[PDB]
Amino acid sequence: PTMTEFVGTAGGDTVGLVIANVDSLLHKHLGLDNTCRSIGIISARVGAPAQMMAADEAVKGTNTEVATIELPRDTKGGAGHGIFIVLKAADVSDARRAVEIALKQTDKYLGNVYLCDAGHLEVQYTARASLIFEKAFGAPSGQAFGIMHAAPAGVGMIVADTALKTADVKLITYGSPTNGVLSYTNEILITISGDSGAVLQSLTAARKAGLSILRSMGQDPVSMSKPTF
């Protein structure tokens, strides 16, 4: 048969899973307690910001909270993450509902991932960051939010730097291969907040710059899919 805990399935190697009543021995390890022991999972081999985007859309639409967001070091491999998102809810169907949203939206966002032989580029955008990016990055709540990275890390710098030069945006996260923000990926990651117009202007210049460099390197970077802004 088909196990009730299964849900689907999206790009990268992503699954949606639901656990109705998590064994109490695991409660300590996830955010859980007895009034709240049902779990929604988004887990994937390839990517992380894309799935995070989809999951952030999900919590905005449901009665869920964020138990844990962790990043291997997969991707498959290298040069990026790795995604493991656990949402918690008092009621399984709330969790299931959220997982259903996140799965639906994943492939949409993977459209923002440009792959190629020597690495990748990824630029994500949201107009209201919520619980996901608040927990992952300390994104200013409710504000527009941007996520940047490229591999190898050098390309990531060019991206990161031109993003910040381009417009008036706050630098929320700087992540390098080994500064402890990233799971030893060959990336420079930047996280950005501000007015939508400003954030979008930065993201776009950054995407442009990234592709430019990757091409200069003899690469043919291609989404994925297709982008969202």
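In this text, residue numbers run from 1 along the sequence as written.
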> Lowest, middle or highest third: where is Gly31 by Cα B-factor in its chain?
Replying inline: highest
> Which third, lowest, middle or highest, does the CA B-factor of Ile39 fall in along this chain?
Replying inline: highest
>> Using only modelled residues of the chain, where does the Cα B factor of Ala163 rank: lowest third, middle third or highest third?
In response: middle
> If you rank the chain by CA B-factor, which third does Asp107 end up in: lowest, middle or highest?
Replying inline: middle
>> When the deposited Cα B-factors of this chain's modelled residues are ordered and cut into thirds, is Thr178 in the lowest, the middle or the highest one?
In response: lowest
